[PDB]
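Colleague: Residue numbers (the authors' numbering), protein chains in the order written: chain B, 1 to 132, 136 to 235; chain A, 1 to 132, 136 to 235; chain C, 1 to 132, 136 to 235; chain F, 1 to 132, 136 to 235.
In this text, a Cβ means the ideal position worked out from N, Cα and C, and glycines have one as well.
4 protein chains.
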Amino acid sequence: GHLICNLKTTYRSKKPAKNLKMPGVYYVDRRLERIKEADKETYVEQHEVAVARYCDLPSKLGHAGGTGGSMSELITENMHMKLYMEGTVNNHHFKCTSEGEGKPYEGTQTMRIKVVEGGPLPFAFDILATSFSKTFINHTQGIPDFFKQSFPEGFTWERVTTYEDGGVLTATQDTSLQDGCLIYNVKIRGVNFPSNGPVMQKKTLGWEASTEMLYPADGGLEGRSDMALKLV
Amino acid sequence: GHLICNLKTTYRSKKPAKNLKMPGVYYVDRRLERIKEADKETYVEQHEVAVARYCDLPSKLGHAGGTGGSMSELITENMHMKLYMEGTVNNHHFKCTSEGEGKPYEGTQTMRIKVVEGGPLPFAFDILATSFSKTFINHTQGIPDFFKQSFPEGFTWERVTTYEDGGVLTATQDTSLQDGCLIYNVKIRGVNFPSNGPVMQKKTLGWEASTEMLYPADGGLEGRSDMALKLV
Amino acid sequence: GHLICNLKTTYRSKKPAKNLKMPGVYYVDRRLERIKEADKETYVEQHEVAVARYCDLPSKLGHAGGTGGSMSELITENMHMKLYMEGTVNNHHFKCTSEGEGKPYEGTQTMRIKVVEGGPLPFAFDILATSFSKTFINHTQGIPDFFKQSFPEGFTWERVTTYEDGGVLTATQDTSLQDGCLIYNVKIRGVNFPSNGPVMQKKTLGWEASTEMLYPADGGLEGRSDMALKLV
Amino acid sequence: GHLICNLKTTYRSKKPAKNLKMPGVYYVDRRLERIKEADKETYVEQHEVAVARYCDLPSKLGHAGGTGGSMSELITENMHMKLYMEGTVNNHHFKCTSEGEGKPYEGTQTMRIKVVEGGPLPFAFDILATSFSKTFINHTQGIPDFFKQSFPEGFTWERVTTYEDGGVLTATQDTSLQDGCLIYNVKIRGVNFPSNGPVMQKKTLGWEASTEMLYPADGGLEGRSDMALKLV
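(1) Cα separation between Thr76(C) and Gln176(C)?
(2) Between which two residues does the beta strand (DSSP E) harbouring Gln176(A) extend?
(3) Spatial neighbours of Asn90(F) within its chain, please: C-beta separation below 6 Å, excluding the five flanking residues on both sides.
(4) Kindly say whether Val189(F), judged by its beta-carbon, lies nearer than 8 Å to any beta-carbon of chain B.
(5) List, in chain order, every chain C residue whose beta-carbon is nearer than 8 Å to that of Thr214(F).
(6) Within the 8 Å Cβ cut-off, does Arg227(C) reach chain F?
(7) Comparing the C-beta of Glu211(C) with each C-beta of chain F, is any distance below 8 Å?
(8) Applying the 10 Å Cβ sphere with the 16-neighbour rule, what's the burial state of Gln144(A)?
(9) Name, going along the chain, the residues of the segment 171–183 of chain F whose beta-carbon falls closer than 9 Å to a beta-carbon of chain B.
(10) Quick check on DSSP: helix, strand or coil for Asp221(A)?
(11) Ordered along the chain, which non-local residues of its own chain (more than five positions away) have a Cβ less than 8 Å from that of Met81(F)?
(12) Any idea what DSSP makes of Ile127(C), helix, strand or coil?
(13) The ligand ATP heavy atoms versus the CB of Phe158(F): any closer than 7 Å?
(14) Chain F beta carbons: is any one of them nearer than 8 Å to that of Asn6(C)?
(15) Report the CB separation of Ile140(A) from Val28(A) in whole angstroms; it is logged as a contact under 8 Å.
(16) Could you tell me the distance, in whole angstroms, from the CA atom of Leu208(F) to the CA atom of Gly170(A)?
(17) Touch check for the segment 3–12 of chain C and the segment 38–48 of chain A: three-plus C-beta pairs under 8 Å?
(18) Taking Cβ positions only, does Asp168(A) come closer than 8 Å to chain C?
(19) Specify, as a first and last residue, the run of the beta strand (DSSP E) that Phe94(A) falls within.
(20) Please report the straight-line C-alpha distance between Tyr11(C) and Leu224(C), rounded to a whole angstrom.
(21) What are the boundary residues of the beta strand (DSSP E) that includes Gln144(B)?
(22) Could you work out which residue in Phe94(C), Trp210(C), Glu215(C) and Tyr218(C) is closest to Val235(C) when comparing CA atoms only?
(23) So is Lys190(C) buried or exposed if we call it buried at 16+ other beta carbons inside 10 Å?
(24) For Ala17(A), name the three-state secondary structure that DSSP assigns.
(25) Can you check whether the C-beta of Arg112(C) is within less than 8 Å of a C-beta belonging to chain A?
(26) Starting from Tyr54(B), follow the beta strand (DSSP E) in both directions and report where the run begins and ends.
(27) So, are the CB atoms of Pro147(F) and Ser70(F) less than 8 Å apart?
(28) Mapping DSSP to helix, strand and coil, what is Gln152(F)?
(29) Rounded to a whole number of angstroms, what is the C-alpha to C-alpha distance between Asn199(A) and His2(A)?
(30) Which residues in the same chain have their Cβ closer than 6 Å to the Cβ of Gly193(C), if we skip the five residues on either side of it in sequence?
(31) Can you give the Cα-Cα distance for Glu117(A) and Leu232(F), rounded to whole angstroms?
(32) Buried or exposed for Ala50(F), going by 16 or more other Cβ atoms inside 10 Å?
(33) How should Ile35(F) be labelled, buried or exposed, when 16 other C-beta atoms within 10 angstroms of its C-beta is the threshold for buried?
(34) Counting only beta-carbon atoms, is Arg31(B) nearer than 8 Å to chain A?
(35) Apply the 10 Å Cβ neighbour rule to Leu32(A) and answer buried if 16 or more other Cβ atoms are within range, or exposed otherwise.
(36) With 8 Å as the threshold, decide whether the Cβ of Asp56(C) is near any Cβ in chain A.
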């Protein structure tokens, strides 16, 4: 079976608004997969593929179009990332680091992750999966790319993930570009994960594929998604 | 801008489970549009197109795959529907009726709707849109069709829609097939819609396209979606 | 153990706003218990004691200076109630009728309840308990009584109760005064109660005491409370 | 008017459970007040009074009894506190320190608070108020005191506060006793506070009084409350 959660996210550019070409309401389809783990999840490799689309269904009210996408020459066909993460789930403190690479225009990426403090964690690593990369979304289908456009200044995101069994996980993130490398700094605070639930019992088996709806809200973007966590 | 809401739905077949071929986790993309309205929304025409898909992104872990879709000869390529709806929003009681037709395998359908008691309504008709038809989803991409398979016995759905400004709308529905016509009986109970919000002030302009995730669960299938209501 | 739910309620007065005397933010302490049950919960007896208080704690800021309590000549020291209930929980349809007597100023009332239709219920009767009487709250500590003041016109209430395991029950209610008897007409719509949860498994044993915070909002009052359902 | 929020808290003792006398379900009534502020809320003085009670309404079960309260001589009639706080709201990072004193058995306390980093804050200080002391609750009315009993080992708490306009604030806290002084270490992570809302616009004026319901949940206590934030 599955345990469901809901994500509510706000994405904020550090680039002045007058310099951003904004998208309309759009959708990002994703498949985030665990590729490898070692030593009770103190080492994890994750891969994600993410493709943006405007709704392609026919419209009876007429197609409202745009002026195609955006350009961001600071973001190359191949990019590397480095990440630092710190936080708490329930009463348990931890730190992680990761490094990876991907193809920002093709929407694919890999992260190799180490738990460097607080390991092994008392909770399923799956609940951290979405906190490890918005620059790697394929927006080539004519959608202005809020994320790639944000450079050199970069952007932040902030999110609340609400699990249907009481766990709540907030996360805040800073994304910068430094000497050609993307740098992520992430902070996590999760609370009220049930002691008898699959997260604290480590009885999860990764995420199903997902769709996120993104929409303009106050100069930035907000996102909404429901995700399904596979259970043992 | 937009007002967001979240849908949590349980779909229950009246057909014995041993006679149902169940789908895996899948997604339905929709575009529900208002085609016409008259006399302050006491007459409304709605159209929907709905297309089911499994995740089509490549997988690194390779997938189980499926054994194809299902067959349901009772559901013809053209079908008619009749609907009766009764309920309350806040303190306001009302009844609606509708009739329509569509193409269940192509995923398209039209409803022509009349408010027959309690009109004109003091709230935006848009909050009733999703309560007016699961037999009309295109599952031809090889996804077993829980809804079409449920006939002749039929199925029910029950849903809570939670608006981000406090409105909550529950609905329960019975779907039957009588003399070749689909018959819908729907009951609505909405509460706490804010007096100063766009619903009670009638400042809404229809729904954005949406994606619903459906998965085998408590009962038959459960569904999750977030929808974005356009604002004046 | 306990199962926890949250109540959000809006109370609307039929009587014009100008006529009504409005209370400051205040809290109602309630103990609701089931005196008797029979025939698989087909017949239930419920007793409620409700007392209303302004905060009794000392204030350094020193805010108080209430103009005093309201007068409701229409409401006698002893009052009688007749109730009609129609509801659906999940896919189940039921009808309930009740007759009761109480001392409104005292804040004590007794209800004798019969399940006319759909008995025996497949779900715990406990979820229904809140739905079955705001006129019977002791406001004699100088708090203007929004409910007693509403007569002869009467009032409505509307509520969503959200259970921490997914059940959601909305209810709307009309309160009138006819030939000296209080008349309640209530409508219930519950959805998504888990098949493996204590409500559907009938493993509950009544409610703990509660406190509701009430505050002026838009037109009338809104209320917020959390309640704890005892488990077997 | 008011902006409402909901608090869900888990309280965990660091003392072995076989050394704790647990309370039954109970209620804590509080009045938290701002006494002084200076320099755009970069200095704040807060006072709280908190009194625990079992329900004191009569029962028809007439079946309620307890062994009375508990004893904790490490907690003296007067106690001092020192606090360190760090966190983020939306995209804004900050740190605070405080020191104060109180009467743990009378349920009163005062904290003098400084914003030491990230001041002045772009959000209402009110949203941090509940993160600055459970040892100072008057449980003298025969209720076992989970918090006072936890010493010398101490306890933690973790909380999610959900505002009805989208703001979500999680907090985690460690409480220890060091050389006779209570030491608090608090971490805050708030997200999605609306730019047009009273928190980000600094249009708030403190909290109404509140009641928290506490109940045993898996070796420790859980708490539930709704709080009302006064608006300008």
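Modeller: On the basis of the supplied data:
(1) 22 Å
(2) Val171 to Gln181
(3) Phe196
(4) no
(5) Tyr27, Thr214 and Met216
(6) yes
(7) yes
(8) exposed
(9) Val171, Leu172, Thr173, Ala174, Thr175 and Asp177
(10) coil
(11) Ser98, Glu99, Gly100, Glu101, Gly102, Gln109, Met111, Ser136, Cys184, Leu185, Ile186 and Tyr187
(12) helix
(13) Although the ligand ATP was asked about, the structure shown includes no ligands whatsoever.
(14) yes
(15) 6 Å
(16) 26 Å
(17) no
(18) no
(19) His92 to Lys103
(20) 5 Å
(21) Premise fails: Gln144(B) is in no beta strand (DSSP E) and is neither H nor E.
(22) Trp210(C)
(23) buried
(24) helix
(25) no
(26) From DSSP, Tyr54(B) is part of no beta strand (DSSP E); its letter is neither H nor E.
(27) yes
(28) helix
(29) 15 Å
(30) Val89 and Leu172
(31) 40 Å
(32) buried
(33) exposed
(34) yes
(35) buried
(36) no
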